[PDB]
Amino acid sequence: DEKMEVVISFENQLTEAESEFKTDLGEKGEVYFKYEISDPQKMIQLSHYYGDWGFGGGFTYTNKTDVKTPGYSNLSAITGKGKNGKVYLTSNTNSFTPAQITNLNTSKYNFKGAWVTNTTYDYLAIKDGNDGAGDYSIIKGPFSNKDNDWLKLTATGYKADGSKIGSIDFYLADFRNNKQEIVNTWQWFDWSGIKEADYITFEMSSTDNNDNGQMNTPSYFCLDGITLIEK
């Protein structure tokens, strides 16, 4: 009668410290190769993209602990560790590499949610105005109350036929109303609003955009402890 939770884990799936998942099994698109990671329990699929700069986007799993190095070469969470353990997910989500989670048994399980935090990459960009790009900077500067700055992660749920259920937002940073919030801990992102989703896509948006409306803030985030619930 009481409905069981299943926590997705990549714990003990990396054989080396300070490492990430890599594959050469993708299919080549425009820029990147595309692959689908299945978790060890075959509960979910995660989109995975790679290319000329290493990890491209979608998701990879990592145990990296680097909380100091700016720029895209660092895939670490600002926490320096997972919520449940050593191994967590890093994502880059955009029109080239859309980050997608697919439920492999949607008739049996619903989505509950996941723990979320910032990448070190995003944290240092927002806090210090240091995106690591060097002499050239792509970002406008650090986030401020002056500009009412914010960074939003949006999860959109879909049915198996492609019908949109809904969107739900999580603020990774927020300088509205004299707050100075930059997420640097694991925080629960509840997905009960899209629990019936066959798949979930991720989009990011901020107050730091170019003249073509494209976000300058890195479109990266971290997840851990993705939780499903028996229906």
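Quick note: we count residues from 1 along the sequence shown, nothing fancier.
K.L.:
Which has higher Cα B-factors on average according to the PDB entry: 188-196 or 27-35?
P.N.:
In the deposited entry, the stretch with the higher C-alpha B-factor mean is 27-35.
K.L.:
Comparing 115-123 with 137-145, which has the greater mean CA B-factor as deposited?
P.N.:
Of 137-145 and 115-123, the stretch with the higher C-alpha B-factor average is 137-145.
K.L.:
Say you rank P98, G157, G129, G80 by Cα B-factor from the PDB entry; which sits at the top?
P.N.:
Largest recorded C-alpha B-factor: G129.
K.L.:
Could you check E203, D66, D174, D52 and tell me which one carries the biggest Cα B-factor in the deposited entry?
P.N.:
The C-alpha B-factor peaks, among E203, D66, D174, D52, at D174.
K.L.:
What third of the chain does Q45 rank in for C-alpha temperature factor, lowest, middle or highest?
P.N.:
Middle third - that is where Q45 ends up once the chain's C-alpha B-factors are sorted.
K.L.:
Among the modelled residues of its chain, does the C-alpha B-factor of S73 lie in the lowest, middle or highest third?
P.N.:
It falls in the middle third of the chain.
K.L.:
Which third, lowest, middle or highest, does the CA B-factor of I226 fall in along this chain?
P.N.:
For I226, the deposited C-alpha B-factor lands in the lowest third.
K.L.:
Going by the entry, which third of its chain does the Cα temperature factor of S19 land in?
P.N.:
Within its chain, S19 is a middle-third residue by C-alpha B-factor, going by the deposited values.
K.L.:
Compare the C-alpha B factor of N216 with those of the other modelled residues in its chain, then answer lowest, middle or highest third.
P.N.:
Answer is middle: the recorded C-alpha B-factor places it there.
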